[PDB]
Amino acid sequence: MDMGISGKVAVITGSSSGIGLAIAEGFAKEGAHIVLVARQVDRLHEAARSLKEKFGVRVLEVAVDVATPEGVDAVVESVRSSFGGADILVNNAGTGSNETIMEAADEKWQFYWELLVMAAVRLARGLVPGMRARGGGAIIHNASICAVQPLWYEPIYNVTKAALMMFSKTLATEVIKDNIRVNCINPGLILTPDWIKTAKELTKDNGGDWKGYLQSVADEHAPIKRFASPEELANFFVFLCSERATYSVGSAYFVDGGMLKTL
């Protein structure tokens, strides 16, 4: 199936590793030029080198903190300078949380609000004008199954991912007039490096069977009884930003191996 995105310019936040890098590789495979954004310069360089080598597309690296307005401004200026504008934006930079409401400091709430919600707000303000001028575009917000089905250990993440899912919907209705299609994807358990790190930490004192820990997580939460690979998730992002998904507007698509317990 032709995706029709060859030569389009795709900005992916948090794309030096995990889901965001698999998304970038997915778009590059379809011939899209890539703007990679993350904090660490080294991983960003490898990601870009590998994408250009494997796929022969143009890749721009932007090494900034998208949780800050300065960082978002830098992404916008870099896109402008190298490409003029973006055709596709994926908001993916983020991380899990771990607290109780009774104990967490206000600054932690603020941190996740800036990272998960305000990055998406600021990136839309900053890149929508360019997208409009190019004749339209696609914007995806990678929220989480937790945006509707909260995990007990991470209330701050649950609340801010819920906010992001609503933001996606409100943005979709605002910019569809510009031929810009905005949607949300809500992943379930996706095997990424922090899950492995966590699995090791949590099994340090009971035998170190970190793969067993992960399997028990999957057994508890997902009828499919396994984690997804980032590549398998990335396919959905590529499809949703393609010329084949032109009636998808303001929707939330769960990719979760059965983990969502309700309709």
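We number the residues from 1 along the sequence you see.
In this crystal structure, the stretch out of 135 to 143 and 70 to 78 whose C-alpha atoms carry the higher mean B factor is 70 to 78. The stretch with the higher mean CA B factor, choosing between 94 to 102 and 153 to 161, is 94 to 102. In the deposited coordinates, the residue among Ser248, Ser242, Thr13, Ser17 with the greatest CA B-factor is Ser17.
Placement of the Cα temperature factor of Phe111 within the chain: middle third of the modelled residues, per the deposited record. Ranked by C-alpha B-factor against the other modelled residues of its chain, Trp195 falls in the middle third. Among the modelled residues of its chain, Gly188 has a C-alpha B-factor that falls in the lowest third, as given in the PDB entry. The entry lists a Cα temperature factor for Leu51 that places it in the highest third of the chain's modelled residues.
For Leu202, the recorded CA B-factor ranks within the highest third of the chain. Only modelled residues enter the ranking.
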